[PDB]
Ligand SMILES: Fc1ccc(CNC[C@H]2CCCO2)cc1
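Before any questions on how it binds or moves, here is one chain, the form deposited without the named molecule, in structure tokens.
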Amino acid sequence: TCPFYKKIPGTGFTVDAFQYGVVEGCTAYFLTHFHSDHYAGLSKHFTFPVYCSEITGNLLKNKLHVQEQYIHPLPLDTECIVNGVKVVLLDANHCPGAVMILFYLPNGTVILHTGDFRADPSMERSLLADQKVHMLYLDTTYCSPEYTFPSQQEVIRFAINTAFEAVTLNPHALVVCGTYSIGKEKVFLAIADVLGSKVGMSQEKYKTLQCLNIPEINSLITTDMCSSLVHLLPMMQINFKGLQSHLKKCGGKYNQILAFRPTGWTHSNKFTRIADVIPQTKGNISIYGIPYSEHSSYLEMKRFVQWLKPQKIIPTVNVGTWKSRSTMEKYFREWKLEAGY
């Protein structure tokens, strides 16, 4: 049965609620982005209207084979009427096609559902600025002060410098990058660009990337592993066993692997700086874990919410335990007292 935090009061609407069957009294199902915990339950046998971004709509059709007639893409930053209710989709700064949704209820209330997001000061100059928000459905993934990580720009700098140094010292080194969903494409694209290579990958991952409206994508990626010196592999294979096996497959073309695992947060972040990060090494293989996040840090989340000044906050992440719930409510109260709303 669908939880309260996926229901939008005063509407026939749900958000990211596809694993509950036919929800009683839902006329439109919104989908914030193409991640499996969020789309869980959609399939080619869905016959209700799905509202989403253009990019999410490419993935639903091409990867899940949802039929076209049920796919309702909307432009961003544009006032749209759905089943008689004004809505706006905003860029969520998460993965490609990820949105936040503003609902303007018939009774005068305004609600923002963040989906998954990485808060940024640029959001303070979208259509959010223009009016007041009564209720906030917030991505609280990293809602605790210990969660610090660097900017995406600093992390990509580190990865580009690291890769270019290694391959310039050894032209026979291969760079491998792990992936398990869409998101974080800048990691492997930035490294390939500095090396003047295309990125090689499976046909299934190549297909996925073709749905994302990345400009000039044909100039950047390929299914020919031989012609490429940056390879993508499933995240599960990013370990000494899995990478040894892959090196076997390259026909003596390479004698060293340098690999990147973009993780979320990892406790090494509490004591160490990005400049200081070191790999795990075994023989001719080195693995770097790099904290490339597509969710808000604690400080970014706080700044966003203090700016928005919502009347009520409903967390959508870490809600399963009383201790988590109570911890989050404490921080929301500090924020409101510190800022004065």
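Counting begins at 1, following the sequence as shown.
There is another form of this protein, the form deposited with the named molecule bound, and it is not shown here; the text below is about that form.
Proximity of residue 144 to the named molecule in the bound PDB entry: non-hydrogen atoms within 4.5 Å are present. Although the partner is absent from this view, residue 114 stays clear of the named molecule in the bound PDB entry, with no non-hydrogen atom inside 4.5 angstroms. Put simply, residue 265 is close to the named molecule in the bound PDB entry: some heavy atom of it is within 4.5 Å. Candidate site formed by 56, 208 and 211: none of these residues places a non-hydrogen atom within 4.5 angstroms of the named molecule in the bound PDB entry.
Screening 225-233, 144-152, 79-87, 200-208 for residues having heavy atoms within 4.5 Å of the named molecule in the bound PDB entry returns a single hit, 144-152. The partner is not shown here, and in the bound PDB entry the stretch 96-123 never reaches within 4.5 angstroms of the named molecule through any heavy atom.
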